[PDB]
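I have placed the structure first, in the form of structure tokens, so that the comments after it can refer back to it.
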Amino acid sequence: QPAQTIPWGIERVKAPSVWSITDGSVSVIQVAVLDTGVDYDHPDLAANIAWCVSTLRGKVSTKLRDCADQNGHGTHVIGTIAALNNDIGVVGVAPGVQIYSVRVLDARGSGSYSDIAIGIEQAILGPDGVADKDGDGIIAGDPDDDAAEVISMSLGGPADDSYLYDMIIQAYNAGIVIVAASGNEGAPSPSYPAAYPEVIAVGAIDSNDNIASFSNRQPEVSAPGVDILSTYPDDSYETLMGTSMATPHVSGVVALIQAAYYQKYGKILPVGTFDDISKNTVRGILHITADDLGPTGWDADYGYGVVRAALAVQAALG
Ligand SMILES: [Ca+2]
Ligand SMILES: [Ca+2]
Ligand SMILES: [Ca+2]
Ligand SMILES: [Ca+2]
Ligand SMILES: [Ca+2]
Ligand SMILES: [Ca+2]
Ligand SMILES: [Ca+2]
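According to PDB author numbering, the residues represented by the sequence shown are 81 to 398, in order.
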């Protein structure tokens, strides 16, 4: 394996300076990545994969060959969030965070809306199959349960499926932050599920801080999405571009916020809304600590701006 290097995007979102506070390894926190699966034994990922599950064809399976990444996309996305900080490869935004790989897309990167909807449900239910095991009414942020705290969806299209949406609503109401790619058609508004109000739409910038021409407009925030090196099967590394690469940077920032907030207060922050500019919710923190590029304020290219982990965590703990 190659010596570790830090992809430009990880520095752009100001992650490394947070690690002293937390690298995401606060045990209650998991990030669920709904994608093409994961190279579960990749040396730069394996210790962070807590669950490798597939919902393809309406069958929930943890058979390794069913959950493994047969495309590369999911492994790349996961590495942006959580590649280990060690002597090899790359390093994620939250390099200590536990990951649930929820395979909702096939070897070609395609998926049915029912399989994605089931994947959302599985992020809530978690490995043990039960939403609220101790019956205390808390799901996300409860160390007695195994629900994820972030759902990261580097997938999207023009179709709005109410069954899939109802699952997103369920997750949001359980306290789970949902993050998704704005899309790559240079369209005037985001793809679904990014376009749902319960979901953070993420646009992509390049290494010059310019928004990528393919980035679907009107995102909520933006993040590195061009020339993104990350993990790839088999035990390898690859460079990709897309709002699917921007998305995990934001999910990683969210994981850091929630890990740090819990580490200090023993609870997590509420998800929040698109309009929130307070420091009382995750979304509010993301919006007010983002590097505000473009026209001042929220704008159709950058959204509220480029996410910044160090500032977000400081805001959460202040
Ligand atoms: Ca959890
Ligand atoms: Ca590494
Ligand atoms: Ca559970
Ligand atoms: Ca509970
Ligand atoms: Ca509890
Ligand atoms: Ca492997
Ligand atoms: Ca702006």
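Even for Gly, the Cβ is constructed at its ideal location relative to N, Cα and C.
How long is the line joining the alpha carbons of residue i and residue j, rounded to whole angstroms?
| i | j | result |
| --- | --- | --- |
| residue 71 | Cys147 | What is shown of the chain runs 81 to 398, which leaves residue 71 out entirely. |
| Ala392 | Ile365 | 6 angstroms |
| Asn128 | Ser232 | 16 angstroms |
| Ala274 | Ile280 | 6 angstroms |
| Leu235 | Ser324 | 7 angstroms |
| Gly385 | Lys359 | 16 angstroms |
| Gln298 | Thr311 | 29 angstroms |
| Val259 | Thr353 | 12 angstroms |
| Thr116 | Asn151 | 6 angstroms |
| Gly383 | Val362 | 16 angstroms |
| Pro270 | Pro375 | 19 angstroms |
| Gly169 | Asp379 | 35 angstroms |
| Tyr345 | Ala335 | 15 angstroms |
| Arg183 | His329 | 19 angstroms |
| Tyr317 | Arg145 | 21 angstroms |
| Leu136 | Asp149 | 12 angstroms |
| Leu373 | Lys94 | 16 angstroms |
| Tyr276 | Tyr245 | 8 angstroms |
| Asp214 | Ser194 | 29 angstroms |
| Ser107 | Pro313 | 27 angstroms |
| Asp216 | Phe294 | 45 angstroms |
| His153 | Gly398 | 37 angstroms |
| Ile368 | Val257 | 17 angstroms |
| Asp241 | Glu278 | 14 angstroms |
| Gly159 | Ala126 | 10 angstroms |
| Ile357 | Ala390 | 17 angstroms |
| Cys132 | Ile248 | 20 angstroms |
| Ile196 | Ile161 | 20 angstroms |
| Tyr272 | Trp99 | 32 angstroms |
| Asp381 | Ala83 | 36 angstroms |
Is it right to say residue i is buried, meaning 16 or more other beta carbons lie within 10 angstroms of its own, or is it exposed?
| i | result |
| --- | --- |
| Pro175 | buried |
| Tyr243 | exposed |
| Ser331 | buried |
| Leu185 | buried |
| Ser97 | exposed |
| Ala370 | buried |
| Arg188 | exposed |
| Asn296 | buried |
| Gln81 | exposed |
| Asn165 | buried |
| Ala339 | buried |
| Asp103 | buried |
| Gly377 | exposed |
| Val210 | exposed |
| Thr85 | exposed |
Assuming residue i contacts residue j (C-beta within less than 8 angstroms), just tell me the rounded distance between them.
| i | j | result |
| --- | --- | --- |
| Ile101 | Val177 | The Cβ separation is near 14 angstroms, so there is no contact. |
| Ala239 | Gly206 | No, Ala239 and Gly206 are not in contact; Cβ-Cβ is about 27 angstroms, not under 8 angstroms. |
| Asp212 | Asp226 | The Cβ separation is near 11 angstroms, so there is no contact. |
| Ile219 | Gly255 | 6 angstroms |
| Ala326 | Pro350 | So it is not a contact: roughly 24 angstroms between Cβ atoms. |
| residue 79 | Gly89 | One cannot answer for residue 79 here, as it falls past the ends of the chain, which runs 81 to 398. |
| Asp315 | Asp167 | Not really, about 15 angstroms apart at Cβ, beyond 8 angstroms. |
| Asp286 | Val306 | 4 angstroms |
Smallest Cα separation from residue i: which of the options?
| i | options | result |
| --- | --- | --- |
| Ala267 | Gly283, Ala254, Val257, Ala260 | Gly283 |
| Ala163 | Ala390, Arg183, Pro123 | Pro123 |
| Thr142 | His153, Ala335, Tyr180 | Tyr180 |
| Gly191 | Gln394, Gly138, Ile161, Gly169 | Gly138 |
| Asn253 | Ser293, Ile200, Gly322 | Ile200 |
| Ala130 | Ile196, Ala203, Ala251, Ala187 | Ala203 |
| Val157 | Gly104, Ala390, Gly217, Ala112 | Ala112 |
| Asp355 | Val301, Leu373, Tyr341 | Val301 |
| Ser105 | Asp216, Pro223, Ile196 | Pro223 |
| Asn264 | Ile198, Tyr341, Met321, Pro87 | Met321 |
| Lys347 | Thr319, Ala389, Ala396 | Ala396 |
| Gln250 | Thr155, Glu91, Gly237, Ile198 | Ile198 |
| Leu114 | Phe294, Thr155, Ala126 | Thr155 |
| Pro87 | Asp381, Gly398, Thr319 | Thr319 |
| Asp208 | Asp121, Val140, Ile357 | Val140 |
| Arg388 | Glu91, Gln84, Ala83, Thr85 | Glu91 |
| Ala261 | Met247, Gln343, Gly237 | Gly237 |
| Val230 | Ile357, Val333, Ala390 | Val333 |
| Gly221 | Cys132, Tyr342, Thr160 | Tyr342 |
Under 7 angstroms, CB to nearest heavy atom of ligand 6: contacting residues: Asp119, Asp121, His122, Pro313, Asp314, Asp315
Give the residues whose C-beta lies closer than 5 angstroms to at least one heavy atom of ligand 5, in chain order. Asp214, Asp216, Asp222, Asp224
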